$ cat coords_14.pdb   # PDB, C-alpha atoms
ATOM      1  CA  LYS B   2     -23.189  12.892 -18.326  1.00  0.00           C
ATOM      2  CA  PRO B   3     -19.967  13.449 -16.315  1.00  0.00           C
ATOM      3  CA  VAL B   4     -16.662  12.182 -17.605  1.00  0.00           C
ATOM      4  CA  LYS B   5     -14.740  10.405 -14.816  1.00  0.00           C
ATOM      5  CA  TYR B   6     -10.988   9.940 -14.293  1.00  0.00           C
ATOM      6  CA  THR B   7      -9.111   8.328 -11.434  1.00  0.00           C
ATOM      7  CA  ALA B   8      -6.218  10.245  -9.921  1.00  0.00           C
ATOM      8  CA  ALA B   9      -4.003   7.334 -10.938  1.00  0.00           C
ATOM      9  CA  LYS B  10      -4.944   7.803 -14.618  1.00  0.00           C
ATOM     10  CA  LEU B  11      -4.478  11.576 -14.452  1.00  0.00           C
ATOM     11  CA  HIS B  12      -1.054  11.069 -12.784  1.00  0.00           C
ATOM     12  CA  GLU B  13       0.010   8.649 -15.562  1.00  0.00           C
ATOM     13  CA  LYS B  14      -1.110  11.190 -18.195  1.00  0.00           C
ATOM     14  CA  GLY B  15       0.730  14.056 -16.514  1.00  0.00           C
ATOM     15  CA  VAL B  16      -2.395  16.065 -15.786  1.00  0.00           C
ATOM     16  CA  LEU B  17      -2.021  15.409 -12.075  1.00  0.00           C
ATOM     17  CA  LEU B  18       1.270  16.026 -10.277  1.00  0.00           C
ATOM     18  CA  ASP B  19       0.424  15.044  -6.690  1.00  0.00           C
ATOM     19  CA  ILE B  20      -2.186  14.875  -3.941  1.00  0.00           C
ATOM     20  CA  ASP B  21      -0.903  16.098  -0.572  1.00  0.00           C
ATOM     21  CA  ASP B  22      -1.084  13.558   2.270  1.00  0.00           C
ATOM     22  CA  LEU B  23      -2.141  10.681  -0.008  1.00  0.00           C
ATOM     23  CA  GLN B  24       0.215   7.802  -0.775  1.00  0.00           C
ATOM     24  CA  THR B  25       0.667   7.361  -4.502  1.00  0.00           C
ATOM     25  CA  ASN B  26      -0.521   3.748  -4.378  1.00  0.00           C
ATOM     26  CA  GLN B  27      -3.852   5.146  -3.106  1.00  0.00           C
ATOM     27  CA  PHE B  28      -4.484   7.355  -6.152  1.00  0.00           C
ATOM     28  CA  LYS B  29      -6.960   4.783  -7.583  1.00  0.00           C
ATOM     29  CA  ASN B  30      -9.278   5.730  -4.680  1.00  0.00           C
ATOM     30  CA  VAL B  31      -9.647   9.342  -5.792  1.00  0.00           C
ATOM     31  CA  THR B  32     -11.803  10.159  -8.804  1.00  0.00           C
ATOM     32  CA  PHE B  33     -12.538  13.422 -10.579  1.00  0.00           C
ATOM     33  CA  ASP B  34     -15.882  13.964 -12.318  1.00  0.00           C
ATOM     34  CA  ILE B  35     -15.888  16.615 -15.046  1.00  0.00           C
ATOM     35  CA  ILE B  36     -19.265  18.120 -15.871  1.00  0.00           C
ATOM     36  CA  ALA B  37     -20.178  20.747 -18.481  1.00  0.00           C
ATOM     37  CA  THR B  38     -22.188  23.606 -17.029  1.00  0.00           C
ATOM     38  CA  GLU B  39     -24.913  25.674 -18.696  1.00  0.00           C
ATOM     39  CA  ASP B  40     -22.236  28.321 -19.349  1.00  0.00           C
ATOM     40  CA  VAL B  41     -20.167  26.993 -22.220  1.00  0.00           C
ATOM     41  CA  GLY B  42     -16.582  27.570 -21.135  1.00  0.00           C
ATOM     42  CA  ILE B  43     -17.178  26.881 -17.435  1.00  0.00           C
ATOM     43  CA  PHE B  44     -16.477  23.376 -16.111  1.00  0.00           C
ATOM     44  CA  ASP B  45     -17.599  21.801 -12.873  1.00  0.00           C
ATOM     45  CA  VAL B  46     -14.937  19.476 -11.416  1.00  0.00           C
ATOM     46  CA  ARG B  47     -15.796  17.239  -8.444  1.00  0.00           C
ATOM     47  CA  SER B  48     -13.181  15.504  -6.282  1.00  0.00           C
ATOM     48  CA  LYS B  49     -14.273  12.175  -4.784  1.00  0.00           C
ATOM     49  CA  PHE B  50     -12.671   9.806  -2.325  1.00  0.00           C
ATOM     50  CA  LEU B  51     -14.035   6.283  -2.168  1.00  0.00           C
ATOM     51  CA  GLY B  52     -17.095   7.595  -4.031  1.00  0.00           C
ATOM     52  CA  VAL B  53     -17.778  10.420  -1.541  1.00  0.00           C
ATOM     53  CA  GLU B  54     -17.711  14.000  -2.916  1.00  0.00           C
ATOM     54  CA  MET B  55     -15.063  15.923  -0.978  1.00  0.00           C
ATOM     55  CA  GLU B  56     -14.667  19.128  -2.990  1.00  0.00           C
ATOM     56  CA  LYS B  57     -16.081  20.931  -6.015  1.00  0.00           C
ATOM     57  CA  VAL B  58     -14.490  23.679  -8.150  1.00  0.00           C
ATOM     58  CA  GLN B  59     -15.604  25.668 -11.186  1.00  0.00           C
ATOM     59  CA  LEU B  60     -13.002  26.373 -13.838  1.00  0.00           C
ATOM     60  CA  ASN B  61     -13.267  29.038 -16.499  1.00  0.00           C
ATOM     61  CA  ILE B  62     -11.493  28.337 -19.804  1.00  0.00           C
ATOM     62  CA  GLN B  63     -10.566  32.030 -20.245  1.00  0.00           C
ATOM     63  CA  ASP B  64      -8.851  32.014 -16.837  1.00  0.00           C
ATOM     64  CA  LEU B  65      -6.930  28.856 -17.665  1.00  0.00           C
ATOM     65  CA  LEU B  66      -5.826  30.288 -20.991  1.00  0.00           C
ATOM     66  CA  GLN B  67      -4.672  33.455 -19.248  1.00  0.00           C
ATOM     67  CA  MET B  68      -2.569  31.333 -16.877  1.00  0.00           C
ATOM     68  CA  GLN B  69      -1.052  29.590 -19.906  1.00  0.00           C
ATOM     69  CA  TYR B  70      -0.197  32.885 -21.626  1.00  0.00           C
ATOM     70  CA  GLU B  71       1.436  34.127 -18.443  1.00  0.00           C
ATOM     71  CA  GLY B  72       3.622  31.025 -18.139  1.00  0.00           C
ATOM     72  CA  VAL B  73       1.847  29.437 -15.173  1.00  0.00           C
ATOM     73  CA  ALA B  74       2.526  25.727 -15.692  1.00  0.00           C
ATOM     74  CA  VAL B  75       0.779  24.291 -12.619  1.00  0.00           C
ATOM     75  CA  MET B  76      -2.020  25.058 -10.199  1.00  0.00           C
ATOM     76  CA  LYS B  77      -3.635  23.733  -7.027  1.00  0.00           C
ATOM     77  CA  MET B  78      -7.034  22.837  -8.528  1.00  0.00           C
ATOM     78  CA  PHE B  79      -8.033  21.716  -5.042  1.00  0.00           C
ATOM     79  CA  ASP B  80      -6.277  22.522  -1.759  1.00  0.00           C
ATOM     80  CA  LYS B  81      -4.257  19.286  -1.937  1.00  0.00           C
ATOM     81  CA  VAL B  82      -4.380  18.564  -5.680  1.00  0.00           C
ATOM     82  CA  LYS B  83      -1.682  19.910  -8.002  1.00  0.00           C
ATOM     83  CA  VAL B  84      -2.352  19.820 -11.752  1.00  0.00           C
ATOM     84  CA  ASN B  85      -0.682  20.833 -15.016  1.00  0.00           C
ATOM     85  CA  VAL B  86      -2.509  23.785 -16.673  1.00  0.00           C
ATOM     86  CA  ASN B  87      -1.807  22.887 -20.302  1.00  0.00           C
ATOM     87  CA  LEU B  88      -2.843  19.279 -19.894  1.00  0.00           C
ATOM     88  CA  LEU B  89      -5.886  20.272 -17.829  1.00  0.00           C
ATOM     89  CA  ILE B  90      -7.032  22.567 -20.674  1.00  0.00           C
ATOM     90  CA  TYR B  91      -6.727  19.622 -23.088  1.00  0.00           C
ATOM     91  CA  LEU B  92      -8.511  17.247 -20.692  1.00  0.00           C
ATOM     92  CA  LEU B  93     -11.452  19.674 -20.345  1.00  0.00           C
ATOM     93  CA  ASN B  94     -11.641  20.337 -24.103  1.00  0.00           C
ATOM     94  CA  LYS B  95     -10.552  17.255 -26.127  1.00  0.00           C
TER
END

$ encode --input "coords_14.pdb" --output "structure tokens"
Amino acid sequence: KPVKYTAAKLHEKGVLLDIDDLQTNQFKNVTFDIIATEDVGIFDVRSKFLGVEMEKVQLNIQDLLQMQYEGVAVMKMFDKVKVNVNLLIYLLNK
């Protein structure tokens, strides 16, 4: 089943840098569900707010590794959600 993380936990870990327009003390109210897809190497990440799904993104491990090799440290995984590439790779793969 999905693995779930709050934005607060990801922020503590360094995976998450910030969420635009959301006060930091409200990060507990955002959760990210990480789901393996049928294609091994593609991950389905869902962004929830107060349990409501707001956005969904598919991430390809080869693309993330390419970013890493090219020195891209951070990325907007969702329109308002900034994440660290290296730590995201580890989160998806640990």

$ resolve_selection --input "coords_14.pdb" --expression "the PyMOL selection byres ((chain B and resi 92) around 12)" --output "NGL selection string"
:B and (4-6 or 10-11 or 14-17 or 33-36 or 44 or 46 or 62 or 84-91 or 93-95)

$ write_last_selection --input "coords_14.pdb" --atoms "C-alpha atoms" --output "CSV table (one decimal), keeping the file's coordinate frame"
chain,number,residue,atom,x,y,z
B,4,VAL,CA,-16.7,12.2,-17.6
B,5,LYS,CA,-14.7,10.4,-14.8
B,6,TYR,CA,-11.0,9.9,-14.3
B,10,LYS,CA,-4.9,7.8,-14.6
B,11,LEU,CA,-4.5,11.6,-14.5
B,14,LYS,CA,-1.1,11.2,-18.2
B,15,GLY,CA,0.7,14.1,-16.5
B,16,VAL,CA,-2.4,16.1,-15.8
B,17,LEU,CA,-2.0,15.4,-12.1
B,33,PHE,CA,-12.5,13.4,-10.6
B,34,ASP,CA,-15.9,14.0,-12.3
B,35,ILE,CA,-15.9,16.6,-15.0
B,36,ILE,CA,-19.3,18.1,-15.9
B,44,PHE,CA,-16.5,23.4,-16.1
B,46,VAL,CA,-14.9,19.5,-11.4
B,62,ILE,CA,-11.5,28.3,-19.8
B,84,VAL,CA,-2.4,19.8,-11.8
B,85,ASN,CA,-0.7,20.8,-15.0
B,86,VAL,CA,-2.5,23.8,-16.7
B,87,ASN,CA,-1.8,22.9,-20.3
B,88,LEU,CA,-2.8,19.3,-19.9
B,89,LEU,CA,-5.9,20.3,-17.8
B,90,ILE,CA,-7.0,22.6,-20.7
B,91,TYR,CA,-6.7,19.6,-23.1
B,93,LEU,CA,-11.5,19.7,-20.3
B,94,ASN,CA,-11.6,20.3,-24.1
B,95,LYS,CA,-10.6,17.3,-26.1

$ resolve_selection --input "coords_14.pdb" --expression "the PyMOL selection byres ((chain B and resi 70-81) around 9)" --output "number ranges by chain"
B: 18-22, 48, 56-58, 60, 65-69, 82-87

$ atom_distance --input "coords_14.pdb" --atom1 "atom CA of residue B:54" --atom2 "atom CA of residue B:25"
19.6 Å

$ resolve_selection --input "coords_14.pdb" --expression "the PyMOL selection byres ((chain B and resi 32) around 9)" --output "ChimeraX atom specification"
/B:5-9,28-31,33-34,47-52

$ atom_distance --input "coords_14.pdb" --atom1 "atom CA of residue B:43" --atom2 "atom CA of residue B:63"
8.8 Å

$ atom_distance --input "coords_14.pdb" --atom1 "atom CA of residue B:39" --atom2 "atom CA of residue B:53"
24.0 Å
